[PDB]
Amino acid sequence: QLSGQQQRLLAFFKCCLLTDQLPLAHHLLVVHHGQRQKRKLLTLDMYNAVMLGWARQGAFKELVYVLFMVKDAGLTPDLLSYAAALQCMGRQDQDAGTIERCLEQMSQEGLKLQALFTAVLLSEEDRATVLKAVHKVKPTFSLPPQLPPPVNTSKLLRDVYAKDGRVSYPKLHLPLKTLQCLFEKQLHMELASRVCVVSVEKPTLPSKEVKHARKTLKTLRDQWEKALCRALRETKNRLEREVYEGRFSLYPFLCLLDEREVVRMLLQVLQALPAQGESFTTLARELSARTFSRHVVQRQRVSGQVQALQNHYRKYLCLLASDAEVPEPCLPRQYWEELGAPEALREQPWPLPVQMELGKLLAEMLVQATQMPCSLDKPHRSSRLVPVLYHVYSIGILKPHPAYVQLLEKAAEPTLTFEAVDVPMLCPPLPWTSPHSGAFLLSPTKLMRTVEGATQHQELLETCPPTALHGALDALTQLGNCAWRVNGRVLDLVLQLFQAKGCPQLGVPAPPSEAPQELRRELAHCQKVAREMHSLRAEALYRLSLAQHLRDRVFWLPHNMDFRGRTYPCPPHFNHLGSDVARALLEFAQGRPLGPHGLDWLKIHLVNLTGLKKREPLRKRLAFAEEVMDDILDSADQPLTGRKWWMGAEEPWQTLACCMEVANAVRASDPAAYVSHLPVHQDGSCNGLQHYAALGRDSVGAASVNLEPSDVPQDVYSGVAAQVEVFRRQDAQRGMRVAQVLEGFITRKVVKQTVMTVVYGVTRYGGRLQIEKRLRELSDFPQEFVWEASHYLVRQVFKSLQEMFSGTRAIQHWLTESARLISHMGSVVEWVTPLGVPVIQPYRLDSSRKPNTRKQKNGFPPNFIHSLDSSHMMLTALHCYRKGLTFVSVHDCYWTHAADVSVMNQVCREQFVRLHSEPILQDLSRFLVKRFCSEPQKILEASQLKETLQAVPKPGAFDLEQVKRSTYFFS
DNA sequence: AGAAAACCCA
DNA sequence: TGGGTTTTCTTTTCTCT
RNA sequence: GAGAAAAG
Ligand SMILES: Nc1ncnc2c1ncn2[C@@H]1O[C@H](COP(=O)(O)OP(=O)(O)OP(=O)(O)O)[C@@H](O)[C@H]1O
Ligand SMILES: [Mg+2]
């Protein structure tokens with residue numbers, strides 16, 4: 001649309017506003033105004049930018065100059081131009097307070113002053129100055145009184161937003177002053193954009209070469225520090241020259257940040273660089289994005305937004321603190337908005353070519369700025385100052401000359417360095433009051449996770465009724481308000497294995513040592529295994545370094561959504577959706593007493609973690625727990641020196657943590673009045689099958705995946721495993737070798753993924769790879785036939801064909817056909833969840849202007865079922881919040897304290913009915929016939945999709961209220 | 001690799 | 001009708017080219 | 001970009 005130079009100079013003038021430097025903008029405006037080619041292609045917005053800037057300084061003569069320049073070249077003043085004019089007229093006492101010409105022309109122009117105060121975004125201080133100007137004269141003007149905020153009136157969301165009800169909202173265990181101090185700590189950790197952590201490695205004792213290298217790097221880094229402060233000042237003068245000669249320049253972009261912070265950034269980029277050099281454009285985009293983030297943090301420090309955030313957060317903590325009482329209790333978004341919400345003043349990203357030019361300029365400073373001696377091993381040897389990194393040609397990756405990387409490797413630097421946003425928050429996160437504001441204090445966290453800069457996700461989120469997202473945001477805040485701590489005993493044991501030779505049986509990666517050590521094939525395989533082990537140990541190193549950092553601290557994990565609705569915590573390395581070790585390290589910081597029923601749920605949780613007794617009732621899982629109590633107590637007491645019963649569990653570290661918790665609870669004097677911090681888990685049987693069976697009301701499926709009450713749990717995977725094992729015997733007696741070598745190897749775990757995936761649009765090749773990976777990890781299985789057996793295991797699993805999951809397949813076929821026809825119409829598949837969240841699919845494999853019908857078709861049934869179980873999770877979260885339950889969730893795995901597992905069940909058995917009492921299939925049908933089938937050009941295609949959508953398959957005969965008495969719906 | 005057919009563009 | 005490409009969906013981490 | 005690994 002607009003020219004690239006227009007956006008480029010718009011970014012220039014905006015950054016000149018943000019960095020004082022206003023005579024530079026006036027000079028460039030004058031130079032462009034002189035030349036006829038240059039005075040063309042300016043929009044009104046750049047003169048408007050210089051308008052508000054001279055309004056901030058209040059220079060009346062200069063602003064009258066640029067206002068006179070507005071009328072030339074056919075630009076009439078817009079609303080905000082008049083606003084800045086009112087701001088400068090009121091900044092002085094001119095025109096008897098701005099009415100003598102400005103307000104008369106304001107009324108003559110036909111631009112509404114109400115529309116100025118409402119429609120057009122203004123700064124709050126500028127808005128107050130306009131108020132003072134238009135209050136010196138005309139005192140009969142007053143601001144329109146803003147209404148009380150709207151309260152959502154949907155059927156599922158009536159109960160959570162009904163004012164008259166008995167509520168018990170949970171409060172944190174931390175007082176107001178402690179939470180305020182943690183707010184200060186988080187603010188300091190976010191202003192300093194990186195955090196340094198100690199390695200969990202074994203440290204190296206002082207040696208001659210190690211400390212010689214250690215003092216060599218300090219001298220070289222200080223030398224490059226002075227070199228970088230030379231180069232950036234030289235290019236600052238050189239770019240100010242281009243400003244003063246009438247050229248575009250990046251001079252305010254380098255004055256966005258101080259000299260020091262840029263040099264520190266470039267040094268941290270060298271410290272974080274691997275032995276192999278990274279792509280030049282990737283280094284550029286990383287550097288310029290870091291410049292943007294540090295600018296966003298710096299602008300709030302200068303502009304006074306940080307102090308406003310301080311006062312509001314100190315008032316907001318009264319809701320969460322144990323020692324403070326809000327007069328009427330309410331939700332954190334509601335209490336945030338009831339208090340005066342600060343203006344966001346959203347920093348917007350610059351145009352992408354300007355970002356790339358900044359990254360190129362910084363990286364090309366970094367290339368020709370740093371130098372080092374070549375004679376590293378011999379300091380007395382005379383060597384010229386060899387460039388440390390010239391590989392710009394090369395796909396283009398810079399070269400770390402091997403002296404530097406060997407110097408680092410013999411330096412034994414004990415410190416890793418993280419981003420602020422890659423670390424758990426030290427204070428409770430900001431409430432999700434908007435798709436813009438939430439999670440981190442000073443960083444623009446996104447509502448939906450996305451890649452490659454897909455922006456239609458937000459464009460659906462900001463085009464909604466304002467009360468639609470209220471259910472989702474209050475869910476994410478509830479997921480973010482969970483207080484976590486680190487289980488230190490598990491950390492001690494894992495670091496004991498990590499600092500020694502690792503234990504790959506229990507998940508601790510092996511060192512570069514104990515690696516495997518005609519000939520070429522074996523050497524290549526040894527190098528491959530060495531690289532994989534080194535990579536896994538680097539991952540575990542980073543995770544355990546954050547865990548040891550947060551060992552003594554209470555931290556919060558802010559949550560985002562994806563597009564389809566499911567919720568993930570923002571800090572990546574150490575979260576509760578990670579592996580066995582990561583879940584074993586994490587624990588609830590707030591603890592709730594067990595009560596009369598908590599210890600039974602702890603024991604059932606332990607038996608669920610062992611992986612034994614999956615086919616059993618709860619009474620016999622509990623009887624198993626009493627059977628193996630001595631093994632539990634020995635595993636808790638002697639993990640690595642006892643009989644190691646916990647190691648044989650399917651999730652050994654979580655089993656060990658639960659063994660410790662159960663051992664503390666049993667040996668307690670009153671196990672009912674024991675404060676338990678362990679998250680007890682409840683999981684759906686087959687949630688794709690659960691939601692398909694509840695949509696189709698299929699009695700056979702509902703009985704099959706436990707929507708109908710039964711004494712014993714029912715698994716589809718154990719059914720199909722025996723149903724293919726009978727043919728494994730029947731073909732083995734015909735003398736087939738592939739059936740003969742699979743004896744004792746047809747389990748739930750090898751067919752679990754395939755029968756999980758049959759309800760989605762799976763092909764036989766994907767099922768083949770699915771069983772193939774599981775057969776590769778089978779050590780007892782001979783590895784020769786792993787390919788062949790995989791084919792034999794996607795054959796004979798046609799047992800799902802014989803009228804198995806029938807209404808499931810009808811629902812699947814209609815969703816698949818709907819996605820196919822929507823995409824063949826040319827449109828992307830969108831739908832609104834029953835809680836109101838709009839969902840769009842970012843597939844678009846044109847290059848991105850057509851929808852990829854294969855990807856849309858294969859994506860619609862999983863994305864829709866994930867939307868439903870995310871909505872079910874959010875309803876369960878909200879109605880547990882009304883009953884004072886601490887709830888988190890790994891994507892159908894609902895986690896809470898043991899004392900709440902009954903209540904969490906009941907809400908899970910209520911909001912599954914209340915969600916599925918609504919005609920989700922019919923509401924989806926009418927939404928997609930209104931949104932997608934109302935076009936004039938494609939009446940026949942709309943008729944075909946109309947016949948498809950209006951032929952939603954009929955519900956079966958299953959009363960959903962039975963789910964209320966289903967014991968093993970979630971177990 | 002390879003056992004593998006269906007969909008999309010010629 | 002003939003030839004090329006994918007293979008159910010999402011999320012996350014690490015070192016080597 | 002491949003080498004892997006993890007969660008639903
Ligand atoms: N590989 C996968 N592909 C698609 N969806 C998946 C996949 N793995 C899990 N899911 C989704 O996650 C949920 C199932 O999680 P989970 O791993 O607990 O499976 P399950 O069928 O409930 O098995 P289990 O018997 O172990 O409880 C469903 O919503 C399902 O759609
Ligand atoms: Mg499960």
Side-chain angles (χ1 to χ4, degrees), chain A residues 273-279 282 394-397 399 416 422 448-451 504 507 509 512 524-525 527-543 546 559-583 651 681 683-684 686-688 752-754 756-770 773 776-777 787-788 790-792 794-795 812 815-816 819-820 823-824 839 841-843 845 850 852-867 869-870 873 889-893:
Chain A
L273 216 56
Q276 297 294 321
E278 180 51 1
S279 296
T282 306
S394 173
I395 315 299
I397 61 170
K399 62 93 176 179
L416 283 71
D422 271 16
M448 291 181 182
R449 285 174 185 239
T450 188
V451 297
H525 208 299
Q527 299 313 300
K528 181 179 182 292
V529 182
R531 297 297 90 193
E532 306 202 1
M533 294 183 286
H534 181 72
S535 66
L536 292 174
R537 186 137 182 270
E539 171 161 29
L541 184 56
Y542 269 84
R543 180 174 318 135
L546 290 175
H559 281 59
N560 282 2
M561 294 182 286
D562 56 42
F563 64 97
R564 68 187 185 274
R566 268 186 170 182
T567 64
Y568 312 86
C570 294
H573 312 300
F574 186 44
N575 52 356
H576 59 289
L577 287 76
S579 54
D580 188 359
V581 176
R583 296 186 182 177
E651 304 276 357
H681 299 174
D683 189 358
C686 294
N687 286 106
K752 184 178 184 293
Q753 299 315 117
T754 316
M756 185 180 289
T757 306
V758 173
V759 304
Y760 317 118
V762 58
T763 58
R764 298 289 83 171
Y765 192 88
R768 203 191 60 66
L769 294 174
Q770 264 177 351
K773 304 180 190 69
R776 295 192 171 293
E777 75 207 59
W787 182 67
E788 187 181 302
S790 297
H791 288 90
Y792 174 86
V794 296
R795 298 189 288 119
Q812 183 178 2
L815 301 198
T816 291
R820 188 184 68 73
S823 278
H824 281 286
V839 177
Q841 293 188 356
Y843 288 152
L845 276 297
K850 64 91 176 179
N852 187 21
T853 304
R854 185 179 296 113
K855 194 70 184 177
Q856 295 269 289
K857 181 175 73 175
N858 296 350
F860 194 11
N863 291 351
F864 183 83
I865 298 307
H866 294 355
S867 296
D869 69 1
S870 169
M873 184 274 290
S889 64
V890 177
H891 306 301
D892 66 358
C893 194

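Naming convention: chains lettered A, B, ... in sequence-line order (proteins, then strands); numbering from 1 in each chain.
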Classified through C1'-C2'-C3'-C4' with positive north and negative south, C:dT5 counts as south

Looking at every heavy atom in both A:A819 and A:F860, which two are closest together, and how far apart are they? CB-CD2, 3.5 Å

Base paired to C:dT15 (Watson-Crick or G-U; both N/O distances under 3.5 angstrom): none

Looking for any heavy atom pair under 4.0 Å, which part of the strands does A:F860 touch: base, sugar-phosphate only, or nothing? nothing

In whole angstroms, how far is the P atom of C:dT10 from the CZ atom of A:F864? 17 Å

Taking the six-membered ring of A:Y792, is NZ or CZ of A:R795 closer than 6.0 Å to its centre and within 45° of its axis? no

Checking one value: the base orientation of B:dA4, syn if chi is within 90 degrees of 0, otherwise anti. syn

Under 4.0 Å between any heavy atoms, over every strand shown, what does A:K773 touch: base, sugar-phosphate, or nothing? Just pick one. nothing

Nearest-angstrom distance from the residue atom CD of A:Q856 to P of B:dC7: 17 Å

Side chains of A:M561 and A:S870: closer than 4.5 Å at any heavy-atom pair? no

Nearest-nucleotide pick for A:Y568, side chain only, options being D:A7, C:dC9, C:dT11: C:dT11

Any donor-acceptor pair, under 3.5 Å, between the side chain of A:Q770 and the base of C:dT8, if you only look at N and O atoms? yes

Nearest-angstrom distance from the residue atom CZ of A:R776 to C1' of D:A4: 13 Å

Taking a positive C1'-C2'-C3'-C4' angle as north and a negative one as south, how is the sugar of C:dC14 classified? north

Base-pairing assignment for B:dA5 (Watson-Crick or G-U wobble, both under 3.5 Å): C:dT6

Measure CZ/A:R564 against P/C:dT8 and give the value in whole Å, please. 16 Å

If you check the A:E532 side chain, which of D:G3, C:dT8, B:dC8 turns out closest? D:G3

Just list the side-chain donor-acceptor pairs under 3.5 Å for residues 569-576 of chain A, sequence neighbours left out, or say none.
none

Just the rounded figure in Å: distance from P of C:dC9 to CD of A:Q812. 13 Å

Expressed in angstrom and rounded to an integer, what is the separation of A:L815 atom CG from C:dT8 atom P? 17 Å

Euclidean distance for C1', B:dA3 against C:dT7 (whole angstrom): 14 Å

Contact check, side chains of A:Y568 and A:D562, non-hydrogen atoms, under 4.5 Å: yes

Less than 4.5 Å apart, any side-chain heavy atom of A:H866 and any of A:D869? yes

North (positive) or south (negative) by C1'-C2'-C3'-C4': which describes C:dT13? north

Strictly under 3.5 Å: I want the nitrogen or oxygen pairs between protein and nucleotides 1-6 of chain B, one per line.
none

Identify whether any heavy atom of A:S579 sits under 4.0 Å from a base atom; if not, whether one sits that close to sugar-phosphate; answer base, sugar-phosphate or nothing. sugar-phosphate

Quickly work out the A:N863 CG to C:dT8 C1' distance and round it to whole Å. 10 Å

What about C:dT7 and C:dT8, stacked or not, using centres under 5.5 Å and planes under 30°? no

How about A:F864 and A:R564: do any of their side-chain heavy atoms sit closer than 4.5 Å? no

So does A:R820 get a backbone contact from the side chain of A:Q856, meaning a donor-acceptor N/O pair under 3.5 Å? no

A:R537 has an atom CZ; how far is it from atom P of D:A5, in whole Å? 19 Å

Looking at every strand, decide which applies to A:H824 at a 4.0 Å heavy-atom threshold: base, sugar-phosphate, or nothing. sugar-phosphate

To the nearest 0.5 Å, atom CG of A:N863 lies from atom CG of A:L815 at 10.5 Å

Summarise how protein sits on nucleotides 12-17 of chain C as a single string, 5' to 3': B when a protein heavy atom is under 4.0 Å from the base, S for sugar-phosphate-only contact, - for no contact. SBBSSS

With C1'-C2'-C3'-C4' as the criterion (positive north, negative south), name the sugar pucker of C:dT7. south

Do A:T567 and A:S889 have side-chain heavy atoms sitting under 4.5 Å apart? yes

What integer number of Å spans the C1' atoms of C:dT17 and D:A4? 15 Å

